[PDB]
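Undergrad: After the structure tokens below, expect a handful of questions from me.
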Amino acid sequence: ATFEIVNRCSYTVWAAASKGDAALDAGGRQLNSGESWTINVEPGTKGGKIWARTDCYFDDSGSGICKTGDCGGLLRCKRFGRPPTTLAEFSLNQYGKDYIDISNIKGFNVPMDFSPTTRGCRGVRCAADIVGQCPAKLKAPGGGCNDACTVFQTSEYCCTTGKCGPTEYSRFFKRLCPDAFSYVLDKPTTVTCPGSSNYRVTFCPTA
């Protein structure tokens, strides 16, 4: 499957793509404002994620740091990124269908649209100014808006027991972005697409 990753933000981002135990495609790349990078994701990929990283430095070997979404200091991510990270999430070719969503469960750094480029389903979007509106206790000093699990490490926020409800913090994310997961047991906002659809992830779709 192809995923065109487009940076419409006015700032550089370092796109990342992983299924947690491996890179997807090259795993990461710099995208200056306006640039597009198309990756190939193997059919059947389960639990894949795409995200943006901000304020990165990498040396000539691809090692460094980012302020949001850092994946073990690598340009080419093999693992998931450090919160806060707005997440484009997908599982492909699952009994004949693809499943896509956006999640704020690991916080928010960059606004995103995640849409099919082929027929048969809608896209999802979380493009509100969550960083600007972020509750004071969730603001990440390194940049972005942390989820409450990251900040407070409680069973209720982290849904450790499979028993949690919505919270004042989850409701903030849900108010700003109804179409994204705000906590682990949120009413799902997953979209079912035809198996083997192709996609576009756009950072800063509205500015």
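In the structure tokens, each chain is lettered A, B, ... as it comes, each chain's residues begin at 1, and ligands are numbered from 1 in order of appearance.
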From chain A, collect each residue whose DSSP state is helix (DSSP H, G or I) and return the set as a VMD selection string.

TA: chain A and resid 130 to 133 136 to 138 148 to 152 155 to 158 168 to 176

Undergrad: Please produce an output containing C-alpha atoms for each residue in the selection, written as a tab-separated table (two decimals), in the first residue's frame.

TA:
chain	number	residue	atom	x	y	z
A	130	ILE	CA	-4.76	21.51	20.56
A	131	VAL	CA	-1.29	22.79	21.46
A	132	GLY	CA	-2.50	26.39	21.76
A	133	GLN	CA	-5.55	25.39	23.81
A	136	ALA	CA	-1.78	23.95	31.66
A	137	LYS	CA	-1.07	20.65	33.42
A	138	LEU	CA	-0.78	18.79	30.09
A	148	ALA	CA	-2.96	12.48	30.93
A	149	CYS	CA	-1.51	8.96	31.13
A	150	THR	CA	1.93	10.29	30.20
A	151	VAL	CA	1.67	13.06	32.77
A	152	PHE	CA	0.08	11.32	35.76
A	155	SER	CA	-4.74	3.34	36.18
A	156	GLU	CA	-7.67	5.58	35.26
A	157	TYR	CA	-5.83	7.61	32.60
A	158	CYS	CA	-3.75	4.70	31.29
A	168	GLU	CA	-11.65	16.00	32.25
A	169	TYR	CA	-8.43	15.64	30.26
A	170	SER	CA	-9.77	13.16	27.69
A	171	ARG	CA	-12.82	15.38	27.20
A	172	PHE	CA	-10.53	18.28	26.21
A	173	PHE	CA	-9.02	16.25	23.38
A	174	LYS	CA	-12.46	14.98	22.39
A	175	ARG	CA	-13.97	18.47	22.35
A	176	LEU	CA	-11.20	19.81	20.11

Undergrad: Against region 57-77 of chain A, which residues of region 123-190 of chain A fall within 10 Å? For each one I want the closest pair of atoms and the distance in Å (one decimal), counting only C-alpha atoms, rows by chain and increasing residue number, as a Markdown table.

TA:
| residue | atom | partner | partner_atom | distance |
| --- | --- | --- | --- | --- |
| A:140 | CA | A:68 | CA | 9.2 |
| A:141 | CA | A:67 | CA | 9.4 |
| A:142 | CA | A:67 | CA | 5.6 |
| A:143 | CA | A:67 | CA | 6.6 |
| A:144 | CA | A:68 | CA | 7.2 |
| A:145 | CA | A:68 | CA | 9.9 |

Undergrad: Could you jot down the CA of residue 116 (chain A) to CA of residue 185 (chain A) separation for me, Å, one decimal place?

TA: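 CA of residue 185 (chain A) lies 24.9 Å from CA of residue 116 (chain A).
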
Undergrad: With a distance cut-off of 10 Å and only C-alpha atoms, select the neighbouring residues of residue 99 (chain A), excluding the residue or stretch itself and same-chain residues fewer than 6 positions from it, and output the selection as a ChimeraX atom specification.

TA: /A:46-47,89-93,190-195,197

Undergrad: For the selection you just gave me, I'd like the residues written to a file as a PDB file, in the first residue's frame, keeping N, CA and C atoms.

TA:
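What ended up in part.pdb:
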ATOM      1  N   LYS A  46      -0.217  -4.831  10.626  1.00  0.00           N
ATOM      2  CA  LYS A  46      -1.118  -4.672  11.747  1.00  0.00           C
ATOM      3  C   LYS A  46      -0.504  -3.718  12.758  1.00  0.00           C
ATOM      4  N   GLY A  47      -1.277  -2.737  13.207  1.00  0.00           N
ATOM      5  CA  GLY A  47      -0.762  -1.852  14.238  1.00  0.00           C
ATOM      6  C   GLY A  47       0.320  -0.903  13.741  1.00  0.00           C
ATOM      7  N   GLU A  89      -3.141   5.848  12.640  1.00  0.00           N
ATOM      8  CA  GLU A  89      -3.039   4.436  12.989  1.00  0.00           C
ATOM      9  C   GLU A  89      -3.773   3.577  11.979  1.00  0.00           C
ATOM     10  N   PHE A  90      -3.215   2.419  11.637  1.00  0.00           N
ATOM     11  CA  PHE A  90      -3.828   1.599  10.594  1.00  0.00           C
ATOM     12  C   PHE A  90      -3.454   0.134  10.768  1.00  0.00           C
ATOM     13  N   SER A  91      -4.413  -0.707  10.396  1.00  0.00           N
ATOM     14  CA  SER A  91      -4.176  -2.125  10.193  1.00  0.00           C
ATOM     15  C   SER A  91      -4.753  -2.510   8.839  1.00  0.00           C
ATOM     16  N   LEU A  92      -3.933  -3.144   8.013  1.00  0.00           N
ATOM     17  CA  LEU A  92      -4.256  -3.361   6.603  1.00  0.00           C
ATOM     18  C   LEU A  92      -4.572  -4.829   6.348  1.00  0.00           C
ATOM     19  N   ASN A  93      -5.510  -5.103   5.457  1.00  0.00           N
ATOM     20  CA  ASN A  93      -5.782  -6.479   5.054  1.00  0.00           C
ATOM     21  C   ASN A  93      -6.065  -7.373   6.257  1.00  0.00           C
ATOM     22  N   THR A 190     -12.819   4.640  14.350  1.00  0.00           N
ATOM     23  CA  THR A 190     -12.163   3.865  13.301  1.00  0.00           C
ATOM     24  C   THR A 190     -13.029   3.779  12.066  1.00  0.00           C
ATOM     25  N   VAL A 191     -12.408   4.005  10.915  1.00  0.00           N
ATOM     26  CA  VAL A 191     -13.059   3.905   9.624  1.00  0.00           C
ATOM     27  C   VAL A 191     -12.637   2.605   8.949  1.00  0.00           C
ATOM     28  N   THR A 192     -13.612   1.875   8.411  1.00  0.00           N
ATOM     29  CA  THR A 192     -13.391   0.685   7.617  1.00  0.00           C
ATOM     30  C   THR A 192     -13.250   1.051   6.142  1.00  0.00           C
ATOM     31  N   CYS A 193     -12.122   0.697   5.549  1.00  0.00           N
ATOM     32  CA  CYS A 193     -11.844   0.931   4.141  1.00  0.00           C
ATOM     33  C   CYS A 193     -11.716  -0.395   3.402  1.00  0.00           C
ATOM     34  N   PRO A 194     -11.891  -0.391   2.089  1.00  0.00           N
ATOM     35  CA  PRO A 194     -11.587  -1.603   1.313  1.00  0.00           C
ATOM     36  C   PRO A 194     -10.185  -2.113   1.613  1.00  0.00           C
ATOM     37  N   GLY A 195     -10.022  -3.432   1.646  1.00  0.00           N
ATOM     38  CA  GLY A 195      -8.659  -3.945   1.755  1.00  0.00           C
ATOM     39  C   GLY A 195      -7.781  -3.415   0.636  1.00  0.00           C
ATOM     40  N   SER A 197      -6.485  -0.441   0.292  1.00  0.00           N
ATOM     41  CA  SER A 197      -6.620   0.970  -0.064  1.00  0.00           C
ATOM     42  C   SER A 197      -5.251   1.639   0.006  1.00  0.00           C
TER      43      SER A 197
END

Undergrad: Hey, which of A:15, A:101, A:43, A:94 ends up closest to residue 29 (chain A)? Count only C-alpha atoms.

TA: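 Nearest to residue 29 (chain A): A:15.
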
Undergrad: For residue 86 (chain A), which residue out of A:38, A:32, A:146, A:167 is the nearest one, using only C-alpha atoms?

TA: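 Ranking A:38, A:32, A:146, A:167 by distance to residue 86 (chain A), first place goes to A:146.
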
Undergrad: Have a look at A:181, A:204, A:164, A:139 and name the one nearest to residue 127 (chain A); count only C-alpha atoms.

TA: A:204

Undergrad: Can you work out which one of A:8, A:163, A:78, A:122 has the shortest atom-to-atom distance to residue 36 (chain A), counting only C-alpha atoms?

TA: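 Between A:8, A:163, A:78, A:122, the residue approaching residue 36 (chain A) most closely is A:8.
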
Undergrad: With distances taken over only C-alpha atoms, which residue among A:2, A:33, A:81, A:180 lies nearest residue 52 (chain A)?

TA: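 Residue with the minimum atom-to-atom distance to residue 52 (chain A): A:81.
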
Undergrad: State, in Å with one decimal place, the distance from CA of residue 153 (chain A) to CA of residue 55 (chain A).

TA: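 Computed distance, CA of residue 153 (chain A) to CA of residue 55 (chain A), equals 25.8 Å.
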